[PDB]
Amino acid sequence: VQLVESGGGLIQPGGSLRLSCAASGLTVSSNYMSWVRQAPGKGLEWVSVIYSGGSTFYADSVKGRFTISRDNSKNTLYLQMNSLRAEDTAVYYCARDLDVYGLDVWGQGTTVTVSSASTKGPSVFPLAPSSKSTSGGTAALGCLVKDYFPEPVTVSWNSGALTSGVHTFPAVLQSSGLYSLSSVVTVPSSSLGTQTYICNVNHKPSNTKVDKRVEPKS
C-alpha cells in the first residue's frame, strides 16, 4: 500500500498547478481521500476531501480556487490549484481518510512554491578566519551563499574531501524574496598557512557552480 505524489514545482502568483496522487493497495473511488498541506516551518492544515459518493468539500482558504477530482481507471487523486497565492506555499500530502480512525496511509509529499521572485544564481562571499575566528587552537571559516532562488543549493568543502566539523545551516528567506545560507567548518589553526580551503556551491536551477577560496586574514 502506497501513495505516489507528483506535480509540484515553482509557480508565480495567479498561476495554476495540478497535483496527482497515484494509489496502490487501496481504491480511491471507494475511500475518503484528503489533501493536507504543511507550510515550511509550520503545522499541518486540511485542504480538501472527496467522498466515495462524489461529494467534495474544501477549506475556506482554498474554496473557489481549488478543485478535487479522481480518475478510477488510473486510481489517482487530483488537486487542481488555480489563482495561487504566496500563502499556498507548502508541502502537499495526499492521504486516505478513515474519519475517526485517522489518516493511516500518507503520500511522500510534493513541494509547491508560489513566488514572484525570479530564478537567481547565488553570490558566494568568503568567510575568512582570523583571531576573532579562533578559539584556542581551533579556527573557523566558511562561505556565505547569499541572494539565490529557488531552493536548493549544495555546498561541499575541498571537492567533498572535508566533511568533519562542517556545518551547513538551513536557508532563510529574506525580505527580498531570496534565500541566504552559510556553511562553516572548524579546522586546526595551525593549518591556515598550509592547507587550502575551498567551498563548492552548486545551484542547479540557475546552472551556477562557484568555487570560492577562503584565504585567512589579520
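Start at 1 with the first residue shown and count on from there.
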The stretch carrying the higher mean Cα B factor in the deposited entry, 187 to 195 or 29 to 37, is 187 to 195
Per the PDB entry, mean CA B-factor is higher for 129 to 137 or 85 to 93, namely for 129 to 137
One of 19, 10, 201, 22 has the largest Cα B-factor in the entry, namely 201
From 43, 53, 170, 64, the top C-alpha temperature factor is at 43
Residue 150: CA temperature factor from the record, placed by chain third, in the middle
Residue 2: C-alpha B-factor third of its chain, per the entry, is the middle
Residue 115: CA B-factor among chain residues, third -> middle
Sorting the chain's modelled residues by C-alpha B-factor and splitting them into thirds places residue 99 in the middle
